[PDB]
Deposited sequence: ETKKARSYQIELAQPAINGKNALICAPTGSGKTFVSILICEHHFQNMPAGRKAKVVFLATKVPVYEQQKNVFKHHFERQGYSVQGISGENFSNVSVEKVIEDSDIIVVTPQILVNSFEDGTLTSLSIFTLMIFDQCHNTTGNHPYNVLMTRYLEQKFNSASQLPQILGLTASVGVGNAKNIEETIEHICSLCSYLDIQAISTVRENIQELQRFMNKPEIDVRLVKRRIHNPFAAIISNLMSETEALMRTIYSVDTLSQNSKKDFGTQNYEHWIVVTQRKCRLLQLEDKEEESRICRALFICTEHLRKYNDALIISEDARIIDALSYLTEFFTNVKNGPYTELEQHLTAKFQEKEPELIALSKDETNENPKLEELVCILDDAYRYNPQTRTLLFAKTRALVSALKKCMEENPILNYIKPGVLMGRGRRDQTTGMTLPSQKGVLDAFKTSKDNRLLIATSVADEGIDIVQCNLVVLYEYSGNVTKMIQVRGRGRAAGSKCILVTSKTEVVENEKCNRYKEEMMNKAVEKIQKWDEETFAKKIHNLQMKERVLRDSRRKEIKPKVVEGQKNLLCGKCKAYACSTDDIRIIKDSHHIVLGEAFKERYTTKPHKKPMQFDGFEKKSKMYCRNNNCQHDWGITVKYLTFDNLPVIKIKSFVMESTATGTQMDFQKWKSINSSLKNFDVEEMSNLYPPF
């Protein structure tokens, strides 16, 4: 309720009407600073003008959190405060919420769509726009789509633009190596948001430092297993699988050779590149093309899972890596299970007895995992009230760590929670926002559930109880990530421990510390510039971007991406709402089969009904979903990643991961056209 002195300081450039970037630590009260700026803004409007304020948040939970904050603060003062996100875009009309509210809180895509659809024509409808996590204003991020529009209006110079406020804990350094390059990076970000001043705590630092304690860092380098018989057995299986592939087809006319760097990210990326090349193989004999493509698809999928298991074993237990394989092979056994699949499964099952034996050898436990357990034991022994956030990179690793921490509870009583990002498409892994909230509620209040294991979903945004320990388990990243994760343990006495067996990860954390100091010094040098100097720099970058932006601004058969069977013509596709690609006609119904959808999501007016698969029982490739839409109970919606495209002109096959390059040649859905097909 009562503003801190550093908060009044941070607010000053914005109160004086300048577009301002507030750079200050996570949890230091930047949102409250924006509230101060808003109060002043409302009270100092020129005559005949009423303020209209929009607050943008990148994440639905942050939208909800900040909407509640603005409601509580400003409704008592007679102000109308409303929110729009994807949830309520079905009920809500955007223009009318804007008309009726003094403050709108939104996710940015809501606005983008309302410009796209002509509902909104000018950003001059707002007098103040507040960008939470404004460092996201880059590329084709929704933030940068909106600011591009702002700058297009600014260039046409026939309108009053809203004042801009950006909130961030880190402006970043980009790829800079020195203070000069860092300054350029920071001016770049400022240029995208039309910033006129950067506001940091400079006069009231000792107050700031009282509220925000940088957690104490520990970087622990640990050893790998002395011997790795599990890795040797899997690596040999991988070698044999590559040799099998080469007997099926000379893949080195299609992709390069592997370096046999099994169990690395480089090998992963190699498999995925090789998969792409294999699926684009073309032969005169279409039967043989299908047979070879399918076989190579299978070989590469198997190589991938072995590579995955190696990586799991490096970070977790042998039994975790083995579990992952046995669950994969169960899936293989229940699928098409063609001869090649039976063979690969039998080759694994030959080794399985020995692998099981290896997985019970306690003397070869993962040293990194042992260190992690010692860390947690020490923490909870010292302070039973500890709450810990344990970060790890992959869904698979977080799942393995959950299993470890549940089978073997810390001090035989601490229980883990798990937080992952949302399940995408058909993923059994992943969590809805309600599930996410449930986990965090338990973590916040439970007596024994005092450990949260998380992917990057926990980095920032969603409200999490303060943690006095944060453990980064092989969890490296850039200086902005470093800075954000600090906000999870910003309580006096908090600690942050990084555990790795990799000297590169240690070196990475050293470089982050150097970058953060470089970033802070660059900001200081920029703040010595007068307004004239700053504005001239930002104008120059804006014109460069304008000129770049300006100088940028055939019929195909779709074939199953696995077995190469004919699916449909581009002529048959219709686009719904610029996004969803349906296929018309009776012919196409012969080409696919369906099963009930496991998770009947709704979105953009569709009821998900079924999953859609290649009709070839020896293939069963996932092609998309079927939906109900309007008066139509059964529409197939294809996903571009499931197919290879073949030019009816050249006969050449191509790969597309987005529809963008193709959409131009496709017709839009027309309810009248559709209505006539029944």
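- Gaps in the coordinates relative to the deposited sequence fall at 1 to 2, 556 to 564, 690 to 692.
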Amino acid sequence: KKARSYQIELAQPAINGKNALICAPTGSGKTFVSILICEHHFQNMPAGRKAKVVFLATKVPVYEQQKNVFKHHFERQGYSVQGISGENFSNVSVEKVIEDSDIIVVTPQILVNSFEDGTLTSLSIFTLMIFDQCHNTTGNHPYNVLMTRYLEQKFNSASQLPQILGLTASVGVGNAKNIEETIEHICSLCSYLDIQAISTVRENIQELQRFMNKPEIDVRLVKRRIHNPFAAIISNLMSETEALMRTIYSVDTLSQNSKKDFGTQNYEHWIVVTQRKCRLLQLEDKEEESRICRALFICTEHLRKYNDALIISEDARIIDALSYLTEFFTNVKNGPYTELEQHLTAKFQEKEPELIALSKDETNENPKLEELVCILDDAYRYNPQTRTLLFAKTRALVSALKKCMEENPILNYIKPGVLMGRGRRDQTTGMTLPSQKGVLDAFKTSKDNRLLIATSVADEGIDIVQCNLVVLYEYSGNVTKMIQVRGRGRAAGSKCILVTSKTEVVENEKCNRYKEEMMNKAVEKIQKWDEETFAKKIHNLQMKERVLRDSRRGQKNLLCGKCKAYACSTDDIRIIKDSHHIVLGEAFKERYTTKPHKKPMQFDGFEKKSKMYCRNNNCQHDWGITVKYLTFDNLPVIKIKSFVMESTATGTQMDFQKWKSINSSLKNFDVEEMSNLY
From here on, numbers count along this sequence of modelled residues.
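- For the segment pair 242 to 250 and 256 to 264, the entry gives 256 to 264 the higher mean B-factor, averaged over Cα atoms.
- Of the two segments, 67 to 75 and 140 to 148, the one listed with the higher mean B-factor is 67 to 75 (C-alpha atoms only).
- Residue set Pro409, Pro336, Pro108, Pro600: peak C-alpha B-factor at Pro600 (per PDB entry).
- The maximum CA B-factor among the listed residues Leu21, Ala11, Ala24, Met654, taken from the PDB record, is found at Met654.
- Ranked by Cα temperature factor within the chain, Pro61 sits in the lowest third according to the deposited record.
- In the deposited entry, the Cα temperature factor of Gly605 sits in the top third of values across the chain's modelled residues.
- Sort the modelled residues of the chain by CA B factor and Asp633 lands in the highest third.
- Annotation for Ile640: CA B-factor lies in the middle third of the chain's modelled residues.
- The deposited CA B-factor of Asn616 belongs to the lowest third of values across its chain.
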